[PDB]
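Secondary and tertiary structure notes
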There are 6 protein chains.
Amino acid sequence: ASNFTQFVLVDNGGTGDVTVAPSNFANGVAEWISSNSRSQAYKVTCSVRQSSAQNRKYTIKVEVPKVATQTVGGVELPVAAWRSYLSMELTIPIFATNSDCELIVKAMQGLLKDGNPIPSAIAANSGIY
Amino acid sequence: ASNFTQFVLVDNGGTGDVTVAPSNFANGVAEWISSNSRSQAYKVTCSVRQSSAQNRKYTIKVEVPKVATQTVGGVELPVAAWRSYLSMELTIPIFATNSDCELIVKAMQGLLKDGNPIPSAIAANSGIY
Amino acid sequence: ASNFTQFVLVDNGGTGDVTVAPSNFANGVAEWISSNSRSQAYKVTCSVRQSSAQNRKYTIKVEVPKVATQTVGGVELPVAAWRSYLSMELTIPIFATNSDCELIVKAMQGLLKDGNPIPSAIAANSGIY
Amino acid sequence: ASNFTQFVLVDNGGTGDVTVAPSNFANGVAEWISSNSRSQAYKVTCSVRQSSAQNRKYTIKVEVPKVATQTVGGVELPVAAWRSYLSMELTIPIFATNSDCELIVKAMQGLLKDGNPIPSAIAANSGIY
Amino acid sequence: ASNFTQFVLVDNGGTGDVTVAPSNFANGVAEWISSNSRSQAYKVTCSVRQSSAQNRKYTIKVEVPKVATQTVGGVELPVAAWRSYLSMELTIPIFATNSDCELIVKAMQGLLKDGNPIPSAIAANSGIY
Amino acid sequence: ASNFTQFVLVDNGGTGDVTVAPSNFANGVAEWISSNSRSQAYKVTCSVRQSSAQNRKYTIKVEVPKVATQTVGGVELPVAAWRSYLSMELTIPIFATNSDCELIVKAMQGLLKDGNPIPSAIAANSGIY
RNA sequence: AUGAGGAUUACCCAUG
RNA sequence: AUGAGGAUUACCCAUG
RNA sequence: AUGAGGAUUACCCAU
């Protein structure tokens, strides 16, 4: 294959889409970044290694900028007030076949599918109630 | 409303769908398990806490099992050959708007959409290259 | 440009073709793994480093697995009955030009060419005679 | 029958062809040396031995010389400016059938096939990238 | 894309051009070397790290050799009489826009443009006066 | 000669050009500064000294202002958020002739030439990938 | 609070 | 983190 | 750094 390619991170139906493209590959850690100042960019990083003798583990990180009242290209401090951080860690036993892995991916897609509890809770500054 | 409802975790087109439902909320940790014996069930847990003075942190966990029947002491028991674990932590500043949060959700959905680099790598037991 | 890509390790015409793809490149050690169960995958690693003042040293490593199913307690897992390990080390002085290196490669290819003493001895559970 | 014979180590079509011929086979170590000055000759050695109870272990060794003339005191001698050393060790379990071995050989040939990552990296004084 | 491609380092109008190509990416340090023996090659290395919490730092190195043939122990070896070293560090705030960065690049290009003070002084073995 | 003269640092094709002119010569350290408040100016400094008995060394420093959302003449804090710093250090052995030095300058120009990896990486808030 | 730190996964480890 | 600090250049030195 | 040293193969071992 060669999966390290540009892709659409935020899909707003063609118009207003946020595309993130490869920007670094130091130490096997792939990185995609949107076209912004590094302080306001959407950032995605991913890597895999065999955590133990029994498992392999993907470490996926995502950074999403606060947009409401944002000043494009401006200096916005404190940084912690303007950014959200996602840190995923997927552990998969070495016995998992391609099929097993496809199932795992589907489970992840379903977890975040539109309308389901988790995503709708997050999207509303809410918890479970 | 209420968002603590059941949802289909693994969608196999209506037939063979892994649907998970509410099962516990003790200690502020919402739990969903698939309709199986506790030993072979799929598990999803979620919780939100106001970590910093200015951050809210979601902690989500998903467990995908590889169901199997094991003969222990000459008796067959429903068990799991192994489990795949997804542990994710999402940190959102309190200044995030609902619109700002929807953006985070959309990013996560685009991250795992079919065909995009990351889910592709995972499903093929490979890294990004 | 990039040479850290997917390639054919075993060529069985166009069918049994064993392909190994990049998986990780941490600490100057490149790693390729064939698809499906990590437990039954082929592995190839490589690294170069300045061993002494005048020498650079390559460390190639290959693993050929014997695919098999392991049944225990009635639970079967994809495993490798055993593995064949290849560990080679190539030392090349810094005075070697690209031409000198091409020659070294030809020597390695010739060593293992079909019909020659060494490869044919190995292929037949034999030694030299 | 005999596989301890002369063979082509470097194939330069039908001209620069480096041929190496048997020279000695003492203590289970077969040795091939190219013709002319031992000082500027190519060397190849090989041996097999039962490393452990279930493993047999091959130890192949190759030397590629950089032909040069050494003048000292007005006396010139055929020497090797330097040498490139290849030291490989192949371990094969005793359960390996002739088929398993043929596969192992194909893996070795594939590893060094023209155009693939490793051989092409070596041939260019490069590493992986 | 990919930006890890070869490029002409020293342009002598198509004839005698010193072109350098990718050769290593181990440890997050991209390396390019000219098509020579490792001992006489031109070398270019680059790396980026997020130094401060709000800075990104590029570290670039270039090595220009003075090729020579040295007689060591009565044998001739390709070597470098000496080397000229360029070590540059560029610190860019994370708030820098792509446009802000293009400005940095243009400044560096204008800095070394033919006829301008600095490259003039360097090329004449003198200081600024 | 007398190279300490005003020159164009950022060339935007005649219109919008950034010219930097001599502004200080204390301690043999030449300084050029653009026509701005010292906090928002483009600054260039250069000096040469014999670092050791074998080498001479040029120390070139450049400072480039963040322009996006900049407020001309305003007080912008923190300073580290609004400025980029370039620190070049060129070491040249005392044996280098004028010609040798011209080569070194060309190498530097080629390193930063438009379209080449290093400059295009910087100009895109990127690394090598 | 961090960790391309580990897990048997609502637990354990290291450093602010 | 600095250094018109040094190098044999992906290494070493001094001070925040 | 070598070991026709061992390996659960980027570990372990004498010199």
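Residues numbered from 1 in each chain as written, not as in the entry; some residues may be left out. Chains lettered and ligands numbered in written order. Part of a larger assembly, values for the part shown. Heavy atoms only, no water.

Within chain A one finds two helices and six strands. When the backbone C-alpha atoms are referred to their principal axes, chain A occupies close to 50 × 45 × 30 Å. Burial status across chain A gives 59% buried among its 129 residues. With the model as given, the accessible surface of chain A reaches about 4,800 Å², and the carbon-plus-sulfur share is 50%. The averaged location of the 9 negative side-chain charges in chain A is 6 Å from the averaged location of its 10 positive side-chain charges. (Helix = DSSP H or I, 4+ residues; strand = E, 2+ residues; numbered from the N terminus. Buried < 20%, exposed > 50% of the residue type's maximum accessible area, 1.4 Å probe, protein only. Areas by Shrake-Rupley, 256 points an atom, 1.4 Å probe, with all protein chains shown as cover. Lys, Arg positive; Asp, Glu negative; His and termini not counted. Charge placed at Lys NZ, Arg CZ, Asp CG, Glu CD.)

In this section: the interface of chain B and chain A. The interface is formed by 69 residues belonging to chain B together with 71 residues belonging to chain A. On the chain B side of the contact with chain A, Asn 3, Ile 122 and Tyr 129 of chain B bury the most area, a combined 11% of that side's loss. Run the count over chain B and chain A and you get two salt bridges. In this structure, the salt-bridge partner of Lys 66 of chain B is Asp 100 of chain A, at a minimum N-O distance of 2.9 Å. Scanning the region where chain B abuts chain A turns up 25 residue pairs in polar contact. At the level of secondary structure, the elements contributing two or more residues to the side of chain B that touches chain A comprise strand 1 (7-10), strand 3 (30-34), strand 4 (43-49), strand 5 (55-72), strand 6 (75-93), helix 1 (98-112) and helix 2 (117-123) of chain B. Tallying contributions element by element places helix 1 of chain B first for the side of chain B that touches chain A, with 14 residues. Note: strand 6 (residues 83-93) of chain A against strand 6 of chain B, seven bridges, orientation antiparallel. (Contact = heavy atoms within 4.5 Å. Buried area = accessible area lost by both parts, 1.4 Å probe. Salt bridge = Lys/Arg side-chain N within 4 Å of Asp/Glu carboxyl O. Polar contact = N/O pair within 3.5 Å; in protein donor to acceptor, adjacent residues only side chain to side chain. Pairing = 2+ DSSP bridges.)

With 13 residues of chain C at the contact, the number on the chain B side is eleven residues. Between chain C and chain B, roughly 790 Å² of surface is buried when both sides are summed, and carbon and sulfur atoms account for 57% of that area. Interface area lost by chain C to chain B is led by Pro 22, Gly 73 and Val 75 of chain C, which between them contribute 44%. Joining chain C to chain B, the criterion identifies zero salt bridges. At the boundary of chain C and chain B, one finds three residue pairs in polar contact. Elements that contribute at least two residues to the side of chain C that touches chain B include exactly strand 2 (18-24) and strand 7 (75-93) of chain C. In terms of residue count, strand 2 of chain C provides more of the side of chain C that touches chain B than any other element does, three residues in total. A class-by-class count of the residues in the side of chain C that touches chain B yields six nonpolar, seven polar and no charged. (Nonpolar A, V, L, I, M, F, W, Y, C, P; charged D, E, K, R; others polar.)

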